[PDB]
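Peer 1: next input, structure requested:
(2 chains, ligands or ions: 4)
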2 protein chains.
Amino acid sequence: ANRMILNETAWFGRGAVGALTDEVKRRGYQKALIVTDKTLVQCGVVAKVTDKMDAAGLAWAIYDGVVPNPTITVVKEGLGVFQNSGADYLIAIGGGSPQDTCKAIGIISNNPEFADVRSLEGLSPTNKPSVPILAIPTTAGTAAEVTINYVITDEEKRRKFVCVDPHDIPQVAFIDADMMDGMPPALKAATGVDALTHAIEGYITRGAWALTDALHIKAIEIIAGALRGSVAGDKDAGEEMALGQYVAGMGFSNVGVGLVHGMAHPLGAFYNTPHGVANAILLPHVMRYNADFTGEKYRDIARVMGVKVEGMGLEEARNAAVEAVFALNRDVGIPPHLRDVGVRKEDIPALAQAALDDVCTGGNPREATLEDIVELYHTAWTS
Amino acid sequence: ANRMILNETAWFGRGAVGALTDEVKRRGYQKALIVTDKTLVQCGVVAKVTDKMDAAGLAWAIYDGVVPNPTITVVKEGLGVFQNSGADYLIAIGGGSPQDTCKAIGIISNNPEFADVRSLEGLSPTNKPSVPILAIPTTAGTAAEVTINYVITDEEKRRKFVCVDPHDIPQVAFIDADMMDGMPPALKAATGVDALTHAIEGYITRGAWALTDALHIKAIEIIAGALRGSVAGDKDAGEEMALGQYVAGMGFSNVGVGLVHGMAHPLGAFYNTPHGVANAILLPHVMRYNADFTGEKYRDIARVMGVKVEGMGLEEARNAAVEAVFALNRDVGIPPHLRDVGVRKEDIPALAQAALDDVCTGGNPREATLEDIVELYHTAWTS
Ligand SMILES: NC(=O)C1=CN([C@@H]2O[C@H](COP(=O)(O)OP(=O)(O)OC[C@H]3O[C@@H](n4cnc5c(N)ncnc54)[C@H](O)[C@@H]3O)[C@@H](O)[C@H]2O)C=CC1
Ligand SMILES: NC(=O)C1=CN([C@@H]2O[C@H](COP(=O)(O)OP(=O)(O)OC[C@H]3O[C@@H](n4cnc5c(N)ncnc54)[C@H](O)[C@@H]3O)[C@@H](O)[C@H]2O)C=CC1
Ligand SMILES: [Fe+3]
Ligand SMILES: [Fe+3]
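Peer 2: Numbering: from 1, shown residues only, chains lettered A, B, ... in the order given. Ligands and ions are numbered 1, 2, ... in the order given. This is the structure:
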């Protein structure tokens, strides 16, 4: 039997954050800790929420120390602020980095045996639910608002570790493209192909079943249809991307992903490479490696990505699916090689071993050897 | 902005009730009240749950007084049992009738100013969440396990009233076809076409949007694909039906239905007509009425029900959707006319006023008049 964890409540559309003050009053919460980053404060995205809270007379404090690929140190800093704030709930404003930091703070506040942070890795044996979290994404992006995962960087051990825990699921998600419009086009592109990686890896993962298949192929269709338009600055395409990224999460949270995520995590740990850019570069290479273990699923992918599949045999449709991803990466200006974003040739053996050991790698439909991964890194390295 | 309420936790597949004892221990609950009907106790369906609970040492009491189209009296009697039981949670075992009774008991128990039951009608102004509900459907299905609605019969006033409350959402749904195999074929047929009615009405409802459209069209594809096989007693078809009826609820709970539900409720109240039979008989007649107000949606319906729409103009595709529902109804042995199920011609004026005043009617893509509804009851009445 298959489990699904989802948000009990989610609001979708431009103006969705408009529902937040009423959700807070109905729940009877007294004071928020807002978990975010300095950029979101600096650009006025956090004010879009706090101005509404002030108008409704709701108490809040703020922690804005979150950095990309958030570290054990960032979690402990935000824990200290939460525990000294007297807040009874959390509001996560931002991408994967603040949302994952917020999940770690909420879990530890109600489960103090785990306050060292690294002991949360894997299926966290938590006794108690998280401090309640209201989750507000600002990237079109990670679906952290709907997943049971969070990823923290262990700086001492040079590794990203995955914490999987139904106790961390947000009580409410607010998916509001008004919070996302300020993303630079390069960030829309990187978070957009991250969402596409989620959708494609989830579609072909080993745990895949009828319900996740239906969410994944819809997510692929929405994202492939909208990403070029959203990068270009189309307001409607931005609204489509906000939904697409979420629908992908509803699936992959519950069944898993594969080798793209497994290979992208070590790049994050070694070089602080943005998650989206690493995923985007690796995706078409990993799809080519997986092609023969995906049944007819690349023909569905090719179709929803606008390839004419009427005539094509399955082998041509598989190759056309991979070429559709190459062409999308080109079109939204993702760098084509790992060397371009600060990877070292010398590191690939260590990267390959960290990828083989990464939990995400287990979901890959083709059994990955150390030797295959080494070769996959070399292929994405350069011409 | 559009809201979605869903189950936070759901288990799917034959054996899913296997997960119940672990879920209870992790939540720390001390004592269940099981809400069910005498048929489900007698047939050994409730024993599929209680034998696992007895083996794990989990305490339970039972209220088995639920009747089809549950009444104010069934709610008040169940409430009395829950209060005297010392139970701290509810397990709903059955179709829409016990699941709707269980929602009512759980709400009133934590919001005792509603113990009259009548005052719950509409958007219930409840301050507290329901007593925690674990929901186990035995039909395929009303999707009551994942909706925020419950329907009670007021005997004194000869009317079914709809209670809509996010506070009533079950904490866990267990969707296990092993709990549904014992349905007689005629019960599989009627609850199956009720699920189809949910999916088709939800697909074309005024409030419809991108996410509910994706859920509803997948539900129609699954249900139209499986129902004949399930009624005929195919094991896999039964498992597909369990999933399809649920996916239908994920959508229609959040956006609404239409005139089929509006015209079915008064038949329930006047004659105690089974909900699924009334919907099955009315569905194709209301689809024919609505056809011009559904854009290209009947082409999608016709395609996923196995009609070859490639050549067809829109008028042939719309007719093809209607005829495919008439054909499914005949194939699974649903009676074609309301006269066959105990409706009286004399009552049609009173039924039509009840239907026009029903909350579900407001969702219909075509604005219904009293005269249009009278004409629709006559058309479904006889040859
Ligand atoms: N929880 C899960 O299941 C998953 C976790 N992740 C994690 O999420 C992280 C990546 O998160 P992302 O959302 O890609 O980025 P991020 O949260 O790391 O932010 C990247 C940068 O964009 C800025 N930014 C974000 N929204 C902005 C906006 N609206 N306008 C202007 N600037 C904005 C941020 O301040 C930051 O400098 C990684 O640590 C990754 O491992 C990724 C996917 C799955
Ligand atoms: N809450 C909601 O969103 C919705 C509410 N409803 C309500 O649900 C009710 C209809 O519920 P249904 O599930 O159609 O029927 P039901 O729960 O009224 O059951 C009909 C009969 O079938 C029997 N039965 C149930 N499961 C069985 C099994 N596995 N084996 C043998 N017999 C079995 C029951 O004992 C009963 O005698 C109506 O009151 C309707 O208004 C219907 C749809 C949506
Ligand atoms: Fe990712
Ligand atoms: Fe119904």
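Peer 1: rest of the way, CA atoms for contacts and neighbours
Peer 2: OK.
Peer 1: which residue ranges of chain A form strands?
Peer 2: According to DSSP state E, chain A carries its strands in the segments A:2-5, A:9-12, A:31-35, A:59-63, A:89-93, A:122-123, A:133-136, A:149-154, A:159-164, A:172-175.
Peer 1: closest to ligand 1 out of those?
Peer 2: With respect to ligand 1, and counting by Cα to the nearest ligand atom, the nearest of those is strand A:149-154 at 4.2 Å.
Peer 1: count the residues that sit near residue A:294.
Peer 2: For residue A:294, the count of nearby residues is 17 (other Cα atoms under 10 Å in any protein chain shown).
Peer 1: that one against residue A:365, yeah?
Peer 2: Yes: Residue A:294 lies in contact with residue A:365 (Cα atoms under 8 Å); the separation is 7.2 Å.
Peer 1: against residue A:305, how distant is residue A:314?
Peer 2: 16 Å (Cα to Cα, to the nearest Å).
Peer 1: an error on my part: the question was meant for residue A:141.
Peer 2: Residue A:141 is 18 Å from residue A:305, by Cα to Cα.
Peer 1: out of those two, which sits in the busier spot?
Peer 2: residue A:141 (30 against 20).
Peer 1: quick check, the more buried one in contact with residue A:199.
Peer 2: No: between residue A:141 and residue A:199 there is no contact under Cα under 8 Å: 11.2 Å.
Peer 1: what sits against the nearest residue to residue A:59 once chain neighbours are set aside?
Peer 2: Nearest residue to residue A:59, sequence neighbours excluded (Cα to Cα, 6 or more residues apart in numbering or on different chains): residue A:31, at 4.8 Å. The contact partners of residue A:31, taken as Cα atoms under 8 Å, 6 or more residues apart in numbering or on different chains, are A:58-61, A:86-89.
Peer 1: and residue A:157, how many neighbours?
Peer 2: 8.
Peer 1: look up how far residue A:383 lies from it.
Peer 2: 32 Å.
Peer 1: check residue A:263 too.
Peer 2: 19 Å.
Peer 1: of the two, who's got more company?
Peer 2: Neighbour comparison, residue A:263 and residue A:383: the larger count goes to residue A:263, with 28 against 7 (by other Cα under 10 Å).
Peer 1: not counting its neighbours along the chain, what's nearest the more buried one?
Peer 2: Counting by Cα to Cα, 6+ apart, the residue nearest residue A:263 is residue A:355, at 4.8 Å.
Peer 1: do the same with residue A:185
Peer 2: Residue A:185 sits nearest to residue A:231 (Cα to Cα, 6+ apart), 4.9 Å away.
Peer 1: how much space between residue A:357 and ligand 1?
Peer 2: Counting by Cα to the nearest ligand atom, to the nearest Å, the separation of residue A:357 from ligand 1 is 16 Å.
Peer 1: meant to ask about residue A:78, not that
Peer 2: 15 Å.
Peer 1: stretch A:127-136 vs chain B: in contact?
Peer 2: Yes: shown here: stretch A:127-136 in contact with chain B (Cα under 8 Å from any Cα of the partner chain) through residue A:127.
Peer 1: other SSEs contacting the longest helix along chain A?
Peer 2: Looking across chain A with DSSP state H, the single longest helix is helix A:210-232. Counting by 3 or more Cα pairs under 8 Å, 6 or more residues apart in numbering or on different chains; DSSP states H and E, the packing neighbours recorded for helix A:210-232 are helix A:185-204, helix A:235-255, helix A:297-304.
Peer 1: residue A:6: what's it in contact with?
Peer 2: Contact analysis of residue A:6 by Cα under 8 Å, 6+ apart lists A:146-147, A:169, A:250, B:6-9.
Peer 1: would you format the residues you listed as TSV with distance to ligand 1 included?
Peer 2: What follows is the contacts of residue A:6, written out as TSV (distance: Cα to the nearest ligand atom, whole Å):
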residue	distance to ligand 1
A:146	8
A:147	5
A:169	10
A:250	10
B:6	19
B:7	19
B:8	17
B:9	17
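Peer 1: domain-wise, how is chain A divided?
Peer 2: Domain segmentation of chain A under automatic domain parsing yields A:9-179, A:185-381.
Peer 1: start to end distance for the longest one?
Peer 2: Domain A:185-381 has an end-to-end distance of 24 Å (Cα to Cα).
Peer 1: so how far is it from its chain's centroid?
Peer 2: Put simply, domain A:185-381 sits 12 Å off its chain's centre (Cα atoms, centre = their mean, to the nearest Å).
Peer 1: list the contacts of stretch A:180-200.
Peer 2: Residues contacting stretch A:180-200 (Cα under 8 Å, 6+ apart): A:137-143, A:216-217, A:219-220, A:223-224, A:227, A:230-233, A:235, A:238, A:241, A:244-245, A:248-249, A:251-252, A:257, A:260, A:275-277, A:279-280, A:283, A:301, A:329, A:332-334.
Peer 1: run the last query once more with 7 Å
Peer 2: A:138-142, A:216, A:219-220, A:223, A:227, A:231, A:245, A:248, A:252, A:257, A:276-277, A:279-280, A:283, A:332 (Cα atoms under 7 Å, 6 or more residues apart in numbering or on different chains).
Peer 1: check contacts around the nearest residue to residue A:103 once chain neighbours are set aside.
Peer 2: Nearest residue to residue A:103, sequence neighbours excluded (Cα to Cα, 6+ apart): residue A:168, at 5.6 Å. Shown in contact with residue A:168 (Cα under 7 Å, 6+ apart): A:103, A:107, A:129-130, A:148.
Peer 1: closest to chain B out of these?
Peer 2: residue A:129 (9.4 Å; Cα to the nearest Cα).
Peer 1: I'd assumed residue A:167 was in contact with that closest one.
Peer 2: Yes: counting by Cα atoms under 7 Å, residue A:129 touches residue A:167, with 4.4 Å between them.
Peer 1: burial count for residue A:32?
Peer 2: Residues near residue A:32, counting by other Cα under 10 Å: 25.
Peer 1: which residues does it contact?
Peer 2: A:59-61, A:87-91.
Peer 1: now for the residue nearest the centre of chain A: which residues touch it?
Peer 2: Centroid-nearest residue in chain A, with Cα atoms, centre = their mean: residue A:142, separated by 2.0 Å. Counting by Cα under 7 Å, 6+ apart, residue A:142 touches A:95-96, A:191, A:194-195, A:245.
Peer 1: which phi and psi does it have?
Peer 2: Phi and psi for residue A:142, reported as degrees, to the nearest 10, are phi -100, psi -20.
Peer 1: distance of it from residue B:202?
Peer 2: 29 Å.
Peer 1: and residue A:126, by the same measure?
Peer 2: 39 Å.
Peer 1: the two: which is more packed in?
Peer 2: Neighbour count, other Cα under 10 Å: between residue A:126 and residue B:202, residue B:202 has more, with 30 against 20.
Peer 1: wait, doesn't that one sit right on residue B:254?
Peer 2: No: the pair residue B:202 / residue B:254 is not scored as a contact, 9.1 Å apart, by Cα under 7 Å.
Peer 1: chain neighbours aside, what residue packs nearest to residue A:368?
Peer 2: Leaving aside its sequence neighbours, residue A:368 sits nearest to residue A:356 (Cα to Cα, 6+ apart; 7.3 Å).
Peer 1: quick one: the one you found from chain B, how far?
Peer 2: 30 Å (Cα to the nearest Cα, to the nearest Å).
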